[PDB]
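Residue strings, one per chain:
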Amino acid sequence: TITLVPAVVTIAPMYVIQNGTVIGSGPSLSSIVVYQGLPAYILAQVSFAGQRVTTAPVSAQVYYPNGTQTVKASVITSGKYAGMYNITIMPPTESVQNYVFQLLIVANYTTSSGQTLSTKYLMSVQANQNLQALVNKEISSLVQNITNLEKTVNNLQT
Amino acid sequence: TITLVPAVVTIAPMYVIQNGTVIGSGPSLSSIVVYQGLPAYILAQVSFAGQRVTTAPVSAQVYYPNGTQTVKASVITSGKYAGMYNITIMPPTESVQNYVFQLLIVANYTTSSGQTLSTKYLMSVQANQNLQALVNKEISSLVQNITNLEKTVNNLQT
Amino acid sequence: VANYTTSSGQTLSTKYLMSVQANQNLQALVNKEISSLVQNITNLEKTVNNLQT
């Protein structure tokens, strides 16, 4: 005897690849620390009954605090991540603090039993500061003020 | 007739304590926001049934980009952190990139269910840049410049 | 902690051990440090310009 349970479509963010590096591992996140100005490639598999499905057009509502980006995630057709949908968020660099935006991943799977299932996964993608660029630029302007001051102080010595 | 339902062994990190500071709490975290250069003491409980078991010793093949350090997790029995496996990870002090370094957590639990249940947790660790350091050294180079300059102007005043 | 007494005849209390790193606000740090250094520099610039004059 084989006792079936209903199957519910899932789109889960399996890896969040940013800087060519797994910053987010597995679906054990629903908020990830992403560092701004680098593209977090959220590889989010879509599986019905744990078996990855190739027909489920993924809309992705990317809720920036300025405009809402609807990126149609490209089905991963190469790599060992193939089958999944690569959701290419690219966060602007708005560094002075953290900023909200919510990636509501919506995989709309068409079941062949006639029960079309829209599954909507909320990951709160926490755009942490990427303060590194702001720092180097501010600091370079300070180095330039210091070298000019050195030069002036040499003229004064002369 | 009393049918005992399957218990499968679970290792979940109950604490990741890093720089003496618990960055990870709950067994709700099999990914964690590690800050580079700081020794993360992954105090991970090993449980069958959801009950703590201290007869499964845990190694950790920690795949740095400078080799694999296979660390046998020592049980710290002190304080409220007692009876957890200390998976000792030592992330690089580099801070030009977020780099993927793996953490193949292997727990081999000899159960009396009839098989030696070996559970593997591949946590692909997010080496997240500890920029604080880079901030402090750059700013210190700047102050060294402020003093040198300040001494020279004062000498000129004299 | 949420202490809830169900009306089914079983009392359930949940405690959630949310142990958190209270991380330094690096943003507010860097901003104040550099602004303060800009003022130390304004005082140095001031001596320089007096020197020149």
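Within the PDB entry, the label attached to chain C reads Conserved membrane protein, and the organism entered is Sulfolobus acidocaldarius DSM 639. The record for the entry shows the title "Two-component assembly of SlaA and SlaB S-layer proteins of Sulfolobus acidocaldarius".

With the PDB entry as reference, chain A is termed Conserved membrane protein, source organism Sulfolobus acidocaldarius DSM 639.

Asker: Got a minute to help me understand the overall build of chain C in this structure?
Answerer: When its secondary structure is counted, chain C shows 1 helix and 2 strands. In sequence order, the secondary structure elements of chain C are arranged as β-β-α. Taken over C-alpha atoms, the radius of gyration comes to 28 Å for chain C, far larger than the 10 Å a tight globule of 53 residues would show. Overall, chain C is about 90 × 15 × 10 Å in size when its C-alpha atoms are taken along their principal axes. Counting over 53 residues, chain C shows a buried share of 17%. Surface summary for chain C: the accessible area is close to 4100 Å², and the carbon and sulfur share equals 52%.

Asker: Got a minute to help me understand the interface of chain B and chain A in this structure?
Answerer: Interfaces are often described in size by the accessible area the parts lose on coming together. Taken together, the contact between chain B and chain A spans 27 residues of the former and 24 residues of the latter. Summed over both sides, the interface between chain B and chain A buries roughly 2100 Å², with carbon and sulfur atoms accounting for 62% of that surface. The largest share of the area that chain B buries against chain A comes from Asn98(B), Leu142(B) and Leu149(B), three residues that together contribute 24% of it. The tally of links from chain B across to chain A stands at 0 salt bridges.

Asker: What should I look at first to understand the pairing of strand β9 (residues 85-88) of chain A in this one?
Answerer: Along a regular strand, successive side chains alternate from one face of the sheet to the other. Alignment of strand β4 (residues 41-48) of chain A against β9(A), held across 4 bridges, turns out to be antiparallel. Within β9(A), the residue paired with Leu43(A) across the bridge is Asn86(A).

Asker: Would you mind showing me how to read the interface of chain C and chain B here?
Answerer: Taken together, the 17 residues of chain C in the interface contact 19 residues of chain B. Of the roughly 1600 Å² buried at the junction of chain C and chain B (both faces included), carbon and sulfur atoms supply 70%. On the surface where chain C and chain B come into contact, there are 0 salt bridges. If you look at where chain C meets chain B, you find 4 residue pairs in polar contact.

Asker: Whenever I open this one, the nonpolar core confuses me. Can you help?
Answerer: For soluble globular proteins, the rule of thumb is that nonpolar side chains tend to be buried together. In this structure, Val46(A), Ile89(A), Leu103(A) and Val125(A) are the most contacted members of the largest nonpolar core, which totals 32 residues. Secondary-structure elements contributing two or more residues to this core are β1 (10-17), β4, β6 (58-62), β9 and β10 (103-109) of chain A. When residues no more than four places from it in sequence are discounted, the contact partners of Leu103(A) are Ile42(A), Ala60(A), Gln61(A), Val62(A), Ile87(A), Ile89(A), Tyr121(A), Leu122(A), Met123(A) and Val125(A). Grouped together as the second largest cluster of nonpolar side chains are 31 residues, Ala44(B), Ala56(B), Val58(B) and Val71(B) included.

Asker: Explanation requested: a nonpolar patch on the surface in the structure shown.
Answerer: All names here are of chain C. Judged by side-chain polarity, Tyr-16, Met-18 and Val-20 come together as a nonpolar surface patch covering roughly 420 Å² of accessible area. For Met-18, the location among the structural elements is in the loop between β2 (11-14) and α1 (26-52). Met-18 gets classed as exposed once you look at its relative accessible area, which sits at 65%.

Asker: Looking at this structure, I do not really get the sheet that holds β6(A). What am I missing?
Answerer: Residues and elements named next belong to chain A. Here we have 4 strands laid out as an open sheet, ordered β7-β6-β10-β11, and antiparallel in their pairing. Each edge of the open sheet is held by one strand with a lone partner, namely β7 (69-70) and β11 (117-123). Where β6 lies against β10, 5 bridges are found, and the strand directions are antiparallel. Residue pairing across strands places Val-62 opposite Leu-103, the latter belonging to β10.

What counts and how
Residues numbered from 1 in each chain as written, not as in the entry; some residues may be left out. Chains lettered and ligands numbered in written order. Part of a larger assembly, values for the part shown. Heavy atoms only, no water. Helix = DSSP H or I, 4+ residues; strand = E, 2+ residues; numbered from the N terminus. Rg over C-alpha atoms; globule rule 2.2 N^0.38 Å. Buried < 20%, exposed > 50% of the residue type's maximum accessible area, 1.4 Å probe, protein only. Areas by Shrake-Rupley, 256 points an atom, 1.4 Å probe, with all protein chains shown as cover. Contact = heavy atoms within 4.5 Å. Buried area = accessible area lost by both parts, 1.4 Å probe. Salt bridge = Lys/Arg side-chain N within 4 Å of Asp/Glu carboxyl O. Pairing = 2+ DSSP bridges. Polar contact = N/O pair within 3.5 Å; in protein donor to acceptor, adjacent residues only side chain to side chain. Core = buried A, V, L, I, M, F, W, Y, C linked by side-chain atoms within 4.5 Å. Patch = residues over 30% accessible without salt bridge, like charges linked within 9 Å, V, L, I, M, F, W, Y side chains within 5 Å.

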